[PDB]
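**Q** Protein chains in written order, with PDB author numbering: chain A, 271 to 397, 399 to 428, 439 to 467, 489 to 505, 512 to 547; chain B, 271 to 397, 399 to 428, 439 to 467, 489 to 505, 512 to 547; chain C, 271 to 397, 399 to 428, 439 to 467, 489 to 505, 512 to 547; chain D, 271 to 397, 399 to 428, 439 to 467, 489 to 505, 512 to 547; chain E, 271 to 397, 399 to 428, 439 to 467, 489 to 505, 512 to 547; chain F, 271 to 397, 399 to 428, 439 to 467, 489 to 505, 512 to 547. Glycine included, C-beta positions come from ideal geometry on N, C-alpha and C.
Protein chains: 6
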Amino acid sequence: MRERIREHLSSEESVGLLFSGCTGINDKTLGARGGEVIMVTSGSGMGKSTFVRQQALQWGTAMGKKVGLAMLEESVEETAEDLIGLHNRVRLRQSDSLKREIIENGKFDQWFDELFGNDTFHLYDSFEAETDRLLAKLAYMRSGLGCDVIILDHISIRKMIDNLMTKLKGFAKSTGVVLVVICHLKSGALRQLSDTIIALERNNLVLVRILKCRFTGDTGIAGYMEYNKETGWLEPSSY
Amino acid sequence: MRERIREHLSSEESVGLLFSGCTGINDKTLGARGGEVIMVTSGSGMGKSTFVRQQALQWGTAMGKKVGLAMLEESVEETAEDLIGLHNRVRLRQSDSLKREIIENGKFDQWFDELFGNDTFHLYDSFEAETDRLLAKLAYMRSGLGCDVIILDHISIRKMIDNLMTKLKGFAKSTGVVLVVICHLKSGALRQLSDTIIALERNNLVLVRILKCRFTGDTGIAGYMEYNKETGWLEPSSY
Amino acid sequence: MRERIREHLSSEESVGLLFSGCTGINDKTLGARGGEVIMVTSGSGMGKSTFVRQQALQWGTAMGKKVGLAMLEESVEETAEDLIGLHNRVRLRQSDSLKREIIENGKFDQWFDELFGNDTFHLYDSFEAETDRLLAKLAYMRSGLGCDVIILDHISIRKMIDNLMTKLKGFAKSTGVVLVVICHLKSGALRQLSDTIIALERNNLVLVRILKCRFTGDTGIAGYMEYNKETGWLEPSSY
Amino acid sequence: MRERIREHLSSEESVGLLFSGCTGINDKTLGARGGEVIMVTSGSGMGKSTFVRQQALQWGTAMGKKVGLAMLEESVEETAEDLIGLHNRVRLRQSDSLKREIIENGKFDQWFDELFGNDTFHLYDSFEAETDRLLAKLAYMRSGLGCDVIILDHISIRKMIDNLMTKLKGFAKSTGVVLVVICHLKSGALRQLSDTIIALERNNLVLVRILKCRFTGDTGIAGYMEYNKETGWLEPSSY
Amino acid sequence: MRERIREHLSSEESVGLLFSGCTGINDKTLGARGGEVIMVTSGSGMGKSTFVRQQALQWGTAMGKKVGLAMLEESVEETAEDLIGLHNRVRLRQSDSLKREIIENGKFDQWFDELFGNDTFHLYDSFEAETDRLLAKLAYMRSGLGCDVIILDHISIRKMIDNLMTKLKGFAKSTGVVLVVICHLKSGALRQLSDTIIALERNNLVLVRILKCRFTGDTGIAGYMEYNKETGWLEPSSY
Amino acid sequence: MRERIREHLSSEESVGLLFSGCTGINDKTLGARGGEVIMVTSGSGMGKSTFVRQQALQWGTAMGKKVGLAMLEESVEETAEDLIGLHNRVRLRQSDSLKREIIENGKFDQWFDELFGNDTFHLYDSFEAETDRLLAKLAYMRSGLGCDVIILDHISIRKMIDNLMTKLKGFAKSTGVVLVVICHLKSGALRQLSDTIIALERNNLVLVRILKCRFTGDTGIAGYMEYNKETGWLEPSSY
Ligand SMILES: Nc1ncnc2c1ncn2[C@H]1C[C@H](O)[C@@H](COP(=O)(O)OP(=O)(O)OP(=O)(O)O)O1
Ligand SMILES: Nc1ncnc2c1ncn2[C@H]1C[C@H](O)[C@@H](COP(=O)(O)OP(=O)(O)OP(=O)(O)O)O1
Ligand SMILES: Nc1ncnc2c1ncn2[C@H]1C[C@H](O)[C@@H](COP(=O)(O)OP(=O)(O)OP(=O)(O)O)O1
Ligand SMILES: Nc1ncnc2c1ncn2[C@H]1C[C@H](O)[C@@H](COP(=O)(O)OP(=O)(O)OP(=O)(O)O)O1
Ligand SMILES: Nc1ncnc2c1ncn2[C@H]1C[C@H](O)[C@@H](COP(=O)(O)OP(=O)(O)OP(=O)(O)O)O1
Ligand SMILES: Nc1ncnc2c1ncn2[C@H]1C[C@H](O)[C@@H](COP(=O)(O)OP(=O)(O)OP(=O)(O)O)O1
């Protein structure tokens, strides 16, 4: 047992992928570990996507991880637009002007390559009510595209949901990828199968509440973020 | 994806029909886009109709758009009276004198033609508690009369309301028309199905609050307007 | 629509029964129209009755309208006494002397006939907590006595009040009579069902505040009146 | 109605018990009528008691009315002392000398009989925080002792006060006695239930302010009185 | 009541301990009665202490009363020094010479015995912010030392002050001792709980103003005193 | 019977192994007696393991008892890690840093020996759906390893469960060991065969509810504990 515990102690990854933008999230969660499913929730339009997109951007650009993004609602172009804008601290969607300027200026092409040049991000859309068709694509993003993190955006709150979540967790646990699923709050396996659940609350000062973190057991409010309506980034707040 | 994003970027209508009279509304909303439902609310007699009528007048006269107005409460004659007065910066209802003068003077006929001469405005009244009868007329105002904007005045705050709002949003999203619905605040799908919600607050200095704007996410108070009791127009305020 | 709007324009009664004694009331309200309920309020002993009685006297004497007065608190004799005194610019209640003089002098009889001779005023008292018994009498004062205006004095600030106000407005709207209700301020449907609300404020210089006027939307203070403790009349003030 | 109004006019008591000492009080109030509650107030030691005692003395001696005095604070002996002194234009309390002289001289006995000989005044003390015990005694002073006026001295500014005032007014209104209550100002039903409120103001020149008079509506300052420190009487002032 | 009033009249102490030095004080106050609290006030160094000390000296020497003096600021020795000097019409504090002469001359001892020999005066110092500790000592000076008058020197202008004054008045009223409290003017219960308030005003010609006297109601200026800088006595002035 | 009852009275173990950390548990249970099965339950991640591990640590270190721990879910290394951290008031799992520091520093080895040096704790993992294979190991931990207490972590809520619980209780009753079984609440013999059932409730303030205690019959809430997220210990709370 002695040598058995030692090797155990010197090989256990307690700290996972670090989150960004919210002083406190890491304190209460220790980051996202591989094999865990991260649930991010809150009311519609409350900021789930942005928050997750922001983490996706950092993990993939700063942490050198390959991120896969599977969109159920919006298209790749839309997601790409958001990612590109985010990376350049600008909101492409909110400005027909900048959008047209970026094409002729040749900045779009430069921006596209600066972000997607390498094989870091993998965006997939076109996701029917079939779990198995979905799981197959997820597993390919892992095995074939070597994604470290896979974000699933998104799902709405049971057989279906239950079986999906059960298949999602199994997939996560067996491959060791980090799965972050965004879900809308307008449930059962949701709370059970998820390892960590993050909820965003508002009323641009967003309160980040840790509804659950298996690994740490530390729940409660992690901190506050402030949305910069100009850059589109969620920033840490001195609240 | 590159060429896929490019065409996406050079074909996305971010800025919709511009609002008028309130320095700030456009800043926080980017105008009214086609396919979206605009909710305008506030207490009774607080100024919803006027505000919407004013936007209707500009969109149809200045923007060259065809506007349809479906009245559930008041009649066409009443609405027309308001539109005509508005256009001529005069309050016909508040003056038996001007009303009688306008007939003999021949100005009424001249004013009527100057406003309704073209096929720009389409007023319909005579709207029973049947949604389907209503939706049918709306769809005709779009397809048959080619309205760019349809204003529904009005509705009072669930099956009925819920199904109506769900049918209204579906209609809006599928045709691409801009639907602005006025509703009284003395709800469920109301907040959910609406893309942008504008609330007017008073105590003639009216505060315009953006309760919700999907497209932009920018909420809060857009600005202040001042009602000119002489012309009947809501004017921008230096508050 | 053209000919439809024309006839509409040349048949709309914008200006109703003109108020008297307060330079400004008419400006902000355009008078009392038939079918509307006028609410007159303020603290006890603040002057509601006098003010309304004064309007009643003018409408019935000068405007040639038949006025019905339904008293819930005071008796017909009391009301009559006030009306008679008002008409003769004298306060009968404040002088046992004049009261006794008026009988022997034969002036009372002359004064009574000069005011009540014709069928202009209809005073009814003896109004139990039954709305339906009340509404029945009101409807008779309209249909049977042909009253143009009916004053209800008075009511104290909900089922009861709510249902009463809802029945009062329905009665007013359906018959087209002008209903002026006096209410004490020491509410719900009160503010909602009332078309115009007039509030009197003091500390004999009375401030007349227009708390609400559907038809015009013009609110605020209409002007100031001065109570003549000698004649009992509320007079216009140069404040 | 004619004969109904006539009898009404020739049977209405507008002028009540006349006040004394203050040229103007009667002008603004028309005296104290039966069934009304008179509130007399002002700061402690400002002169309420004296003023009321003075009215009590006149009503009972000159007007031939039976006056009941219910004291909550001071004793009968004290009150009697004040009444006796007042009647003889002398301040018994301020002079041990006169007090001792009046006994041997036989004047006390003569003075006592000259004031209390008849059954005009009824002094009662010994008034616990029980309203019902109080009301019972009041009703007896009316029915049993036939008092025309009952003075309650005194009360300090709510259930208790509210219920008391409500019971006081009910008692007054139902029996027709004149109730004058003295209250200290260092309120709710006080202002509401009282028919006339008299306030005394100083800095021996006392300003008499009519804070309220239902019957007449005439408020404001009635006049000025001057306290004669030698006789103890409040006299009319030429201010 | 007759015999009840008689005994009342022949047992009422209207005239209390007579004041000295100011022709007029007694006229407006009738002296200090037992059970009353006398407030003596004015600006610092204006002469409160002297004035009160002077009254204390007379009451105790001439009137044969036992006087207790409770000092909050100065010590017993200081107070004694002032009393001794006062009694001998000399200012001990202003003369190191006389002070040294009085010891050897044996006059001090003779003067001490001539003043304090009997058990007439009781000086106590050493009075912490505790009311209850203070009240206990006061009650002992009354009950145990049999003081007729207790002077409290002094207090500075609320819970504390309010509760103290309320406890002081209660103590005074319940025992019947005469309490004279000196207070500094640089309030609430002060004016209320005090029975008589005397204020000294200057610019050695001191104006004595009676700010309040419950018992008599006679306020205003009582008279003028002149300070003899040689004897330390306040003398009556012919102003 | 007399001598029969006496020896019975002087040989009955009413108080068993005392629990720790929760002021009240012992009051309502009198501790854990040999031959009884203790059920500890609550929702997942609610704190069962920690609580039991804490009791295990004390029983084995302070009470000098030999504790056996049979893990069905986690491994020995994991359990050992928790025990070691607990003993040193530190959370090894939550800190890659401390984990690496403890190896080189030589503290791990020192900590391991300080806890496991003696033959006090017996951890066994690797527990298939076979009851009989399980019971065999349990019986060996008792007979062969001489464990006083055996903790079974854990079981999820019937033949299987029923037969297992029936075999567990039989084992406990026949050997006299103290068996504490942890079970998840997301039943039949569970409630029946268990002698004492402890439930933990949260929302780090944990409510300890005694759902059942045969021996005492005292049920209800024993008290509150507070989780120290820094040391990993459940502490008594002053709630
Ligand atoms: N009361 C508590 N407050 C906060 N965190 C706690 C508390 N109790 C335990 N934890 C933390 C420490 C662990 O990392 C995590 C889970 O505790 P644990 O005892 O393993 O729960 P459990 O045994 O009831 O659940 P399960 O076996 O079902 O996963 O949460
Ligand atoms: N905290 C915030 N403050 C202000 N605007 C925000 C905030 N977060 C996001 N937004 C803006 C940017 C977007 O245009 C819009 C919606 O954000 P988004 O992340 O798409 O919400 P969501 O993903 O939670 O909602 P849903 O998927 O349900 O529509 O609002
Ligand atoms: N801001 C304003 N200040 C003053 N008057 C106004 C204002 N807005 C509108 N009005 C006037 C003009 C109209 O005669 C009247 C009512 O306006 P309107 O737009 O019809 O209110 P609304 O549509 O919100 O109420 P509703 O439908 O519930 O009766 O008040
Ligand atoms: N503005 C005024 N100034 C002075 N006296 C007034 C004024 N208005 C009315 N009065 C006088 C005349 C009446 O005798 C008395 C009460 O007037 P009244 O109209 O009966 O008040 P009100 O109807 O508001 O009160 P309520 O019904 O609650 O008793 O006061
Ligand atoms: N009227 C006066 N004219 C001149 N000197 C006076 C007069 N009264 C008192 N003094 C002198 C004697 C003392 O040495 C000094 C202060 O008198 P004192 O009675 O102690 O004042 P005070 O008691 O009002 O003030 P405090 O307690 O606030 O210091 O002034
Ligand atoms: N106007 C006055 N001027 C001077 N002294 C007056 C005046 N009125 C009354 N007094 C005197 C006579 C009394 O001895 C004393 C108090 O009068 P009193 O009527 O008892 O006051 P009050 O009844 O208002 O006060 P309270 O009941 O609160 O003590 O003052």
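Using only the heavy atoms of ligand 6, determine whether one of them is closer than 7 Å to the beta carbon of D:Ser314.
**A** Under cutoff, so the answer is yes.
**Q** Closest to C:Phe397 by C-alpha separation, out of C:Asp383, C:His425, C:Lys377 and C:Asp419, would be which residue?
**A** When each option's Cα is compared against that of C:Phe397, the closest is C:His425.
**Q** Please confirm if the region 400 to 418 of chain F is in contact with the region 297 to 307 of chain F, defined as three or more CB-CB distances below 8 Å between the two stretches.
**A** Because the criterion of three Cβ pairs below 8 Å is not met, the region 400 to 418 of chain F and the region 297 to 307 of chain F do not touch.
**Q** Suppose you measure from the CA of D:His465 to the CA of E:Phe523; what does that come to, to the nearest Å?
**A** The alpha-carbon atoms of D:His465 and E:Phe523 are separated by roughly 18 Å.
**Q** So with CB distances below 7 Å, who are the chain A contacts of B:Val285?
**A** Chain A residues near B:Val285: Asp366.
**Q** Look up F:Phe391 in the DSSP assignment and give the residues it is bridged to.
**A** BP columns for F:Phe391 point to F:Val337.
**Q** Does A:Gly417 come out as helix, strand or coil in the three-state DSSP assignment?
**A** DSSP places A:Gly417 in coil when its eight states are reduced to three.
**Q** Give the residues from the region 323 to 357 of chain B that approach chain C closer than 7 Å (Cβ to any Cβ), ordered along the chain.
**A** Listed in sequence order: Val346, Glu347, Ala350 and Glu351.
**Q** Applying a beta-carbon distance threshold of less than 8 Å, which residues of chain E neighbour D:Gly315?
**A** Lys520, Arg522 and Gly525, listed in chain order.
**Q** Which value, in whole angstroms, describes the spacing of the CA atoms of F:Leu339 and F:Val420?
**A** Using only the alpha carbons, I get a separation of about 8 Å.
**Q** Run the CB neighbour count on E:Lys467, radius 10 Å, all protein chains shown included, and call it buried at 16 or more, exposed below.
**A** Exposed is the call here.
**Q** Against chain A, does F:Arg370 count as a neighbour if the rule is that its beta carbon must be under 8 Å from one of theirs?
**A** For F:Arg370, the answer is yes, since a Cβ of chain A falls inside 8 Å of its Cβ.
**Q** According to DSSP, is A:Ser427 part of a helix, a strand, or is it coil?
**A** Correct three-state label for A:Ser427: strand.
**Q** Could you tell me the boundaries of the beta strand (DSSP E) in which C:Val307 lies?
**A** First-last of the beta strand (DSSP E) with C:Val307: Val307 to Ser312.
**Q** Give me the DSSP bridge partner(s) of F:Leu327.
**A** None; F:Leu327 has no bridge partner.
**Q** With A:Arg517 as the anchor, note down where its beta strand (DSSP E) starts and where it stops.
**A** Segment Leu513 to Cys521, the beta strand (DSSP E) holding A:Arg517.
**Q** Put E:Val360 into one of helix, strand or coil per three-state DSSP.
**A** It is coil, neither helix nor strand.
**Q** Candidates E:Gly294, E:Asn296 and E:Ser312: which alpha carbon is nearest E:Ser489's?
**A** Taking only the C-alpha atoms, the option nearest E:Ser489 is E:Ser312.
**Q** Would C:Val516 pass as a contact of C:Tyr532 if the rule is Cβ separation under 8 Å?
**A** Closer than 8 Å, so yes.
**Q** Of all Cβ atoms in chain D, is any one closer than 8 Å to the Cβ of E:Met533?
**A** Judged by the 8 Å Cβ criterion, E:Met533 is not in contact with chain D.
**Q** Closer than 7 Å: is that where the CB of D:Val514 sits relative to any heavy atom of ligand 6?
**A** Yes, ligand 6 has a heavy atom inside 7 Å of this Cβ.
**Q** In this structure, does DSSP put A:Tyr411 in helix, strand or coil?
**A** Correct three-state label for A:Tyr411: helix.
**Q** Are the Cβ atoms of A:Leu460 and A:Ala453 separated by less than 8 Å?
**A** Contact flag set, yes.
**Q** Give a yes or no on contact between the region 272 to 279 of chain C and the region 311 to 328 of chain C, applying the rule of three or more CB pairs nearer than 8 Å.
**A** Contact between the region 272 to 279 of chain C and the region 311 to 328 of chain C is absent, because fewer than three Cβ pairs lie under 8 Å.
**Q** Going by other Cβ atoms of all chains shown within 10 Å of its Cβ, with 16 needed for buried, is D:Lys440 buried or exposed?
**A** Burial call: exposed.
**Q** Would you say the beta carbon of B:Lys377 is closer than 7 Å to some non-hydrogen atom of ligand 2?
**A** False, no ligand heavy atom lies under 7 Å from that Cβ.
**Q** Could you name the residues of chain A that F:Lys537 contacts, counting a contact when the two beta carbons are closer than 7 Å?
**A** By Cβ distance, chain A contributes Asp526.
**Q** In angstroms with no decimal places, state the Cα-to-Cα distance between C:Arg493 and B:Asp383.
**A** Going by the C-alpha atoms only, they are around 40 Å apart.
**Q** Between the alpha carbons of B:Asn512 and D:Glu306, how many angstroms are there, rounded?
**A** Approximately 46 Å between the Cα atoms of the pair.
**Q** Looking at the C-beta of B:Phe382, does it have a partner C-beta in chain C at a distance below 8 Å?
**A** Yes, its Cβ sits closer than 8 Å to a Cβ of chain C.
**Q** Which two residues bound the contiguous alpha helix (DSSP H) that contains C:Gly540?
**A** Element bounds for C:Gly540: n/a, residue is neither H nor E.
**Q** Out of D:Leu385, D:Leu495 and D:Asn388, state which residue places its alpha-carbon closest to the alpha-carbon of D:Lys450.
**A** The residue with the shortest Cα to Cα distance from D:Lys450 is D:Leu495.
**Q** From C:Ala501 to C:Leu423, what distance separates their C-alpha atoms?
**A** Computed Cα separation, rounded: 16 Å.
**Q** Pick from C:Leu342, C:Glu347, C:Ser367 and C:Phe378: whose alpha carbon is nearest that of C:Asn358?
**A** Checking every option, the nearest Cα to that of C:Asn358 belongs to C:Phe378.
**Q** Check whether the Cβ of C:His425 lies closer than 8 Å to any Cβ atom in chain B.
**A** No, C:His425 does not count as interfacial toward chain B.
**Q** Once you ignore the five residues that flank D:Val322 on each side, which residues in its own chain have a CB closer than 8 Å to its CB?
**A** Counting only Cβ-Cβ distances below 8 Å, and skipping sequence neighbours, we find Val310, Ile422, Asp424, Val461 and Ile463.
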